[PDB]
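Here the structure is laid out as structure tokens; the discussion comes afterwards.
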Protein chains: 2
Amino acid sequence: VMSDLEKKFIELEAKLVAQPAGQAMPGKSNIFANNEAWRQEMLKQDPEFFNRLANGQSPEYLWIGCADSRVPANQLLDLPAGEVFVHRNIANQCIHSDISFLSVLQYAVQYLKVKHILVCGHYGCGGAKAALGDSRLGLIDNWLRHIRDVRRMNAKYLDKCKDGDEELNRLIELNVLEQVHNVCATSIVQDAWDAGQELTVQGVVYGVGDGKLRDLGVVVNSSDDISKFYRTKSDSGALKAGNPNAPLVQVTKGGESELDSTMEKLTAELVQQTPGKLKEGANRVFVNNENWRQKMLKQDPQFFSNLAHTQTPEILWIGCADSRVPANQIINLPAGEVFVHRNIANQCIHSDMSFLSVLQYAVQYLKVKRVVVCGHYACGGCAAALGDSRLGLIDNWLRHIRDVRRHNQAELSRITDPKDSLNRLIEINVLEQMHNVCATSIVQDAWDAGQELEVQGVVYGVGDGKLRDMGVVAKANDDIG
Amino acid sequence: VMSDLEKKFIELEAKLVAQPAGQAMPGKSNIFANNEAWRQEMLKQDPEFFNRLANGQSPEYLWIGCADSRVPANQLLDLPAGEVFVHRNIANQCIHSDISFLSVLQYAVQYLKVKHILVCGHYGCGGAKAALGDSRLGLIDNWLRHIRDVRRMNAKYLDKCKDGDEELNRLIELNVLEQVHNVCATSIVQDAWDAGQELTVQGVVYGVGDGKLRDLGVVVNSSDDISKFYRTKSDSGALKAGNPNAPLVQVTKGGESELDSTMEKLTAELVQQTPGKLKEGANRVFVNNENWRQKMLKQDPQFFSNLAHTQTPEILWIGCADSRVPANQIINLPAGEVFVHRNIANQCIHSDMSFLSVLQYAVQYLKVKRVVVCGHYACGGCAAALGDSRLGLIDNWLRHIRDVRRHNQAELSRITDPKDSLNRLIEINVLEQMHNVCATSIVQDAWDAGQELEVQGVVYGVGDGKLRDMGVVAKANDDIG
Ligand SMILES: [Zn+2]
Ligand SMILES: [Zn+2]
Ligand SMILES: [Zn+2]
Ligand SMILES: [Zn+2]
């Protein structure tokens, strides 16, 4: 008594398992044809294109951006693809308890030893805009309540604004600042800073009309500790030492941590400038961004204005934070014609709000025709899932890939070579994640509402940039009874 | 190449599957002996004890409380067990994007048609206390950052406080008020209110020294809408109608929604009272709580003072929000000797922060010796998981139970009777959830740190209140390579 969705996937798994790990062939969709056209054009311009791509340097930057972004992170930074570790969600949020955010952060900081973290917002952000001008949005409204907290906490700055556009601009800027605060306040960044690890967190925004990054501030190292205001030196370390009953002694009245003060300063510097006309900072991030812009304007004086015209995306791409190729690029589409979600190991966990919010927004509101789950050969997140690391956020998130391994030993057992075996796990993970998006209330509602929505599974190796078909599902009822 | 944990569970599954659905026998632990002693004493006092329990009325209250609570919700409300749908987490949080919270809320509101929602905090809350006086706590500090936002937003009220205790009292009260705000602001409560559904949200606190509920305010129906301040009537409904590009027009400068005003009023009423000495309201909740208290004092004048002395809990109990029996009761222990986490269908999702935060706090900080995952026969959450409902929060959360069904068809296929079939799924769900807690970085660290930690699986039918063994694991390495 399996549902049609269940049957469909058993069929897709057989189709996958009949091809060897890493050798799946491209499929039917025009995305494979477009991906091919791209590969050809790339090889034609530079025959070393993929060799260089497959052999780039580790990323030194973690970039937390928005899903509706018309410019790839590496591009804005004038850096090679893959040199920037990317996380994307609705309105570039850095919610305190969001594990999708926390796991990408911990992976970037502890696994990758990333040196700089950038939170980037963009003017005109559909997420920020929905928070102010739309209601009764369902699931995603719960995600957007965090942006509402930003408007709430900063009413003084917002009410000051002269018009709707100036107010949206300012909310977007304040949103970035608030997320920067959140990144610095995580246990991950606090621990790193306590251990003297070199790690900066900086905010940035830009308008697609010029692609110019404006500065929201950089924090180098600021303790967010306030226990010094409530615990006597003797009672200090109480809870960790098993004593949760040690008294709270008000050492000082209204103490604020170093982080609080740091943010107070950055806020002051943001607010004193005109909304939407912030200055660029002097850090290399801005100078590199500037060289990039000039280079673009050279080859095309309207480059950015066109970028600012691109039509609503018809595809949602869910990929891995490793990202050695921008989604729009791999399928030969203009920057901004694809809505993107990226996390560690391209997971589509059933109950993951970051994933569900992007899905709903794309499927229900933007009405995209396709949802593509894209994995990649040699994925470090997947490789990390098989290791022995005990990191509280990243390693509990990765336990989901372990379930995939465990439930697919029949096929995995046949492969003993480590490389191929990882690559097979990576393929089945894509298949399993596709199943999950197909099973969401979101896709099921769209389907039985008669909405055209294709869920495509894809995988590729950076050495060739060729997309390999993991399966496609046009419609499949998931009802059992 | 399975890990020891994996082998261990294959062994536990065989042991379970050899007993018919609903007939598993009690196990070895003293908890089964204690549960039995309890059943006997109950039957001896009233032979209709379980018959009444098994046939109680559906809950009209949703109660969101804290995991370190020394008093069962139904007790404080002077109501029969099961008459209150309970959710418990660290510091009774109602985080905007917390799916564990959102799925219990939606189930209570849409499935159960609950009429009143109560957010209850308690003085001396270890979660609130840790937020002020302890740092470098790891995973859980990310959960606790939300309480820090409460201190941040309410600095004016807090700095006013004369001492540490008064300041903790006031933070706890403000925390409850902030969570009430969050409950009202959810898409779930906003939708219900828009549909004219009768649904109140009220805040309450109490100190275990008297068990007296104090009022934090009740909100009956307040729109949290602000799109009216930014969207012209024509542009209204833009995003839902597929147009995310409709302009944002600042209709009015600093508009606040009905909810904002409502909360401003409640805050004013809380703040003007002495921290820790709030008044009780006049609603039946308070009058019933009062009758309950007097009844307790009658049979025991020190009832509450003793309650306030109970030692740190030695067990973490993870149960279902249905809860027809308090955890401490079922295993014959004093109110407050068991740390409790409750969600829909007693889920222990790998990446669930609400679950992970309670786990870490109990295992790492309180150092509990046992973690018990308790499921129950005829569980409505599990039954709901097999239905066709498309609710954005509750139904995506339940997809996890669907995975259990799908991966255990070998055993499930043998059963055709709906009742037994559900009951078997419920059993395997407990086993699968135990596996998940065993596989967390938290339990693995404790184990290879040589810390005594037993993970017990248990299930029962309310018709007899007898705990049935689903398995126990004392230690099992989960490393593959
Ligand atoms: Zn955006
Ligand atoms: Zn990857
Ligand atoms: Zn507490
Ligand atoms: Zn239940």
Side-chain angles (χ1 to χ4, degrees), chain A residues 399 402-403 405-407 409-410, chain B residues 1-36 39 315-320 330-331 345-348 350 369-379 382 400-401 403-417 419-440 443-444 447 452-461 463-480:
Chain A
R399 275 309 191 236
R402 270 295 222 108
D403 290 353
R405 199 190 82 116
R406 173 173 53 121
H407 295 130
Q409 287 287 39
Chain B
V1 58
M2 300 181 287
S3 63
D4 294 347
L5 225 209
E6 265 145 19
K7 293 180 183 172
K8 178 61 183 196
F9 276 80
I10 283 166
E11 206 163 302
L12 289 182
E13 184 184 312
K15 174 177 158 295
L16 162 56
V17 157
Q19 302 177 93
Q23 297 306 128
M25 299 252 359
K28 309 287 172 288
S29 176
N30 88 132
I31 60 163
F32 295 108
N34 280 325
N35 166 244
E36 186 60 7
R39 301 177 64 250
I315 26 190
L316 197 214
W317 187 281
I318 301 162
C320 182
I330 200 148
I331 56 181
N346 44 273
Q347 296 290 76
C348 294
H350 294 303
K369 305 297 172 175
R370 269 103 100 262
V371 172
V372 177
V373 175
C374 184
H376 60 115
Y377 291 128
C379 180
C382 289
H400 280 106
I401 281 117
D403 288 355
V404 180
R405 199 192 81 117
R406 171 171 55 121
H407 293 125
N408 289 266
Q409 285 288 41
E411 167 60 27
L412 295 176
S413 296
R414 304 173 58 205
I415 321 175
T416 218
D417 164 68
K419 194 205 86 200
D420 294 347
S421 168
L422 204 211
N423 285 183
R424 181 60 114 199
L425 209 218
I426 286 181
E427 291 169 331
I428 297 174
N429 179 244
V430 171
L431 202 273
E432 215 69 270
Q433 304 316 306
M434 281 171 71
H435 197 159
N436 291 358
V437 352
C438 287
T440 63
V443 174
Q444 287 295 307
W447 277 341
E452 282 174 315
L453 179 66
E454 170 180 88
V455 180
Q456 169 78 250
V458 110
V459 75
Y460 73 96
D464 60 24
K466 183 203 297 296
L467 290 176
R468 299 176 184 281
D469 195 357
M470 292 293 97
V472 69
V473 182
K475 196 184 191 188
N477 183 258
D478 191 34
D479 299 329
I480 57 174

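Every chain is numbered from 1 and lettered A, B, ... according to where its sequence line falls, protein lines coming before strand lines.
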- Task: Can you spot which of B:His407, B:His350, B:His435 makes a side-chain hydrogen bond (donor to acceptor under 3.5 Å, both in side chains) with A:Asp403?
- Result: B:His350
I'd like to check [X] versus [Y] (side-chain heavy atoms, cut-off strictly below 4.5 Å). Are they in contact?
{"X": "B:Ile330", "Y": "B:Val458", "value": "no"}
{"X": "B:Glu36", "Y": "B:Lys466", "value": "yes"}
{"X": "B:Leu16", "Y": "B:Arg424", "value": "yes"}
{"X": "B:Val373", "Y": "B:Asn436", "value": "no"}
{"X": "B:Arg370", "Y": "B:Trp317", "value": "no"}
{"X": "B:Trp447", "Y": "B:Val455", "value": "yes"}
{"X": "A:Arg399", "Y": "B:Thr440", "value": "no"}

Could you state the interatomic distance from [atom1] ([X]) to [atom2] ([Y]), rounded to the nearest 0.5 Å?
{"X": "B:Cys438", "Y": "B:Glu6", "atom1": "SG", "atom2": "CD", "answer": "12.0 Å"}
{"X": "B:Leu431", "Y": "B:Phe9", "atom1": "CG", "atom2": "CZ", "answer": "6.0 Å"}
{"X": "B:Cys379", "Y": "B:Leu422", "atom1": "SG", "atom2": "CG", "answer": "8.0 Å"}
{"X": "B:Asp469", "Y": "B:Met25", "atom1": "CG", "atom2": "CE", "answer": "10.0 Å"}
{"X": "B:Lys369", "Y": "B:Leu453", "atom1": "NZ", "atom2": "CG", "answer": "9.0 Å"}
{"X": "B:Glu13", "Y": "B:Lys8", "atom1": "CD", "atom2": "NZ", "answer": "13.5 Å"}

Quick one: closest heavy-atom pair of [X] and [Y], and the distance?
{"X": "A:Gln409", "Y": "B:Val1", "answer": "NE2-O, 3.9 Å"}
{"X": "B:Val437", "Y": "B:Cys348", "answer": "CG1-SG, 3.8 Å"}
{"X": "B:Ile318", "Y": "B:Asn346", "answer": "O-CB, 4.1 Å"}
{"X": "B:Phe32", "Y": "B:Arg468", "answer": "CE2-C, 4.0 Å"}
{"X": "B:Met470", "Y": "B:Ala24", "answer": "CE-CB, 3.3 Å"}
{"X": "B:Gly457", "Y": "B:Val430", "answer": "CA-CG1, 4.0 Å"}

- Query: B:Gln456 and side chain to side chain contact (heavy atoms under 4.5 Å, CB included): which partner among B:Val371, B:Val372, B:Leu467, B:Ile315?
  - Reply: B:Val372
- Message: Would B:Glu432 and B:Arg406 count as a salt bridge (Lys or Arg N to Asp or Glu O under 4.0 Å) here? Give the steps.
- Response: CA-CA 13 Å; B:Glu432 215 69 270; B:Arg406 171 171 55 121; over 6 Å; no
- Would you say B:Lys7 has more than 12 foreign heavy atoms packed within less than 6.0 Å of its NZ? no
- Task: Test B:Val472 against B:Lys28 for side chain to side chain contact (heavy atoms under 4.5 Å, CB included), laying out the working first.
- Result: CA-CA 9 Å; B:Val472 69; B:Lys28 309 287 172 288; over 6 Å; no
- side chain to side chain contact (heavy atoms under 4.5 Å, CB included) between B:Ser3 and B:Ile480: does it pass, once the steps are laid out? CA-CA 5 Å; B:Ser3 63; B:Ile480 57 174; 4.1 Å; yes
- Test side-chain hydrogen bond (donor to acceptor under 3.5 Å, both in side chains) applied to B:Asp4 - qualifying residues, sequence neighbours left out: none
